[PDB]
Every structure is written in structure tokens, then in C-alpha cells.
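Colleague: Here you go, one structure.
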Amino acid sequence: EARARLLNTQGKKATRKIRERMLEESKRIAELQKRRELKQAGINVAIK
RNA sequence: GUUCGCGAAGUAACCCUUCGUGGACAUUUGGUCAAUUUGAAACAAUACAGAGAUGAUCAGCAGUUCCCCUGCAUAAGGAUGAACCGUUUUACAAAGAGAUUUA
Ligand SMILES: [Mg+2]
Ligand SMILES: [Mg+2]
Ligand SMILES: [Mg+2]
């Protein structure tokens, strides 16, 4: 319990940020391979 | 349209009427702006969650910003208002030791 406790220094807010940011990156990757597979159909859809 | 005056005609007896003409009086509004889709309100609803300092549950003041919102406000609130929490290499040298090349 303690040996696990010491190792995280931040507090709820920072961790919350780590998540939010990664979720943004999943959004990016997804939207990309959206556009990639649409290029494999040749139809070119512009990014927002 | 008024008035002054002239001329003409008629009525007349110096006038009443009609015609013509001269003169004066009176003298430049408004527009940054066309009448609903295509020159710009903002909320709400759906889904996703669902409140900083900590191991945890709360009071809070601040600080910076090419973010502001409510408020008459130089008051005070808006999660202590929100954003901050991340990515990170060179004024660069001196001494010593081994390998390589050359005068
Ligand atoms: Mg305040
Ligand atoms: Mg609080
Ligand atoms: Mg504040």
C-alpha cells in the first residue's frame, strides 16, 4: 500500500490532465486513419 | 399667392371688373441606415463525464494571460472563475591516459 503510495506525486488534477491529453491523442490517431482510409478510396476530406 | 405700380379694354367719371406686363415679398429637405434565408446573439437538448492544494474531505486570498462572465462599481462573486500542472542538451573549457595519421 505505502510502497505504491509514495510513487505518485501529483494529485487528482494532474492525473486528470494526463488522461485528457492522451484521449486527445487517440482522437487524433482515429481522425487520421479516418483520413488515411478515405485516401485509400481517393476521396480527400479536409481536416477541421 | 399677397401686395405696389404701369399699360390696355370694359364699368365708369378717376372708380368696380378683366387681360397683359414690371417690381417686391417667399429660396435647396434627408441618408454611416434597402424589405426575413447567403456578413454573423447566446442558451437549451443528446452523448461523454461530473469540484486545487492531500493518503482523504473542505475554508480560502493571491500571482501571469493576445480568456473573460454577472455586477452601478476602484465592492464582491463566477469550482479559491477558467487557462497554469506539460515538453526540456552548446558562453563550454582545462589537465592526464591509450589507439590512429603525419612533418
Ligand atoms: Mg475572485
Ligand atoms: Mg472548493
Ligand atoms: Mg483565481
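What follows is calculated from the coordinates using simple rules that are stated; it is not laboratory data. Reconstructed Cβ throughout: ideal geometry from the backbone, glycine too, with neighbour counts over all protein chains shown.
Colleague: As I understand it, the dipole of chain A uses +1 on the Cβ of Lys and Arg and -1 on the Cβ of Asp and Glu, about the Cα centre. Which of A:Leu7, A:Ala30, A:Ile43 lies farthest toward its positive end?
Modeller: A:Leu7
Colleague: Let me ask something additional. In 10 Å bins starting at zero, report the fraction of Cα pairs in chain A per bin as a rounded %.
Modeller: Histogramming chain A at 10 Å steps yields 22, 29, 20, 16, 11, 3 percent.
Colleague: Can I ask one more? For the residue pair A:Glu24 and A:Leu38, what label-to-label distance in nm results when each label sits 7 Å from Cα along the Cα-to-beta-carbon direction?
Modeller: It is 2.2 nm.
Colleague: Charges only on Cβ, +1 for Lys and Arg, -1 for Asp and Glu: so what's the dipole of chain A about the Cα centre, in debye to the nearest 20? Don't skip to the answer; put the middle values down first.
Modeller: Working: 15 positive and 6 negative charges, 37 e Å.
The calculated dipole for chain A is roughly 180 debye.
Colleague: Right, next: Just from its helices, what would the mean residue ellipticity at 222 nm be for chain A, if runs of 4 or more DSSP H residues each count -39500 (n - 2.57) and the sum is divided by every residue, rounded to the nearest 500 deg cm²/dmol? The partial results should precede the final answer.
Modeller: Values: 2 runs with 33 residues, N = 48.
The helix contribution divided over chain A gives -23000 deg cm²/dmol.
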